[PDB]
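**Student:** How does the following fold in three dimensions:
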Amino acid sequence: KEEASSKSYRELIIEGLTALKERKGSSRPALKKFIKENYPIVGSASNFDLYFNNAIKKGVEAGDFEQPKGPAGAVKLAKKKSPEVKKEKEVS
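**Tutor:** Residues are numbered from 1 along each chain as shown. And now the structure:
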């Protein structure tokens, strides 16, 4: 709005993660690019690459994102804690 930041990664990730899901979901690097191309505000933010990882972690604990391929893999928009997601090791 004025500051060159203060974009919620929650919005940014979901905006993409819902779109670039393809087969079902997509890895962080793909989302990171999506945000950089679409939301330069945060995309070109210092240590955005690092912040994004924490954002994913924050989102998955919040039950807003979920990683089918376990932590540090592909993320998928979480809507229901449905079965056949037993490749996350310990995202809990």
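**Student:** contact partners of the strand or helix carrying residue 29?
**Tutor:** With the criterion set as DSSP states H and E, the secondary-structure element containing residue 29 is helix 28-38. Taking Cβ atoms under 8 Å, 6 or more residues apart in numbering as the criterion, the residues outside helix 28-38 that touch it are 9, 12-13, 15-17, 19-20, 42-44, 48-49, 52-53, 56, 72, 75. In this view, the C-beta of every residue, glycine as well, is placed from N, C-alpha and C.
**Student:** do that again at 7 Å, thanks
**Tutor:** When contacts are taken as Cβ atoms under 7 Å, 6 or more residues apart in numbering, the neighbours of helix 28-38 outside the stretch itself are 12-13, 16-17, 20, 42-44, 49, 52-53, 56, 75.
**Student:** which one of those is nearest residue 81?
**Tutor:** Proximity of the contacts of helix 28-38 to residue 81, judged by Cβ to Cβ, is greatest for residue 75, which lies at 14.9 Å.
**Student:** which ones are touching residue 53?
**Tutor:** For residue 53, the residues meeting the contact criterion (Cβ under 7 Å, 6+ apart) are residue 28.
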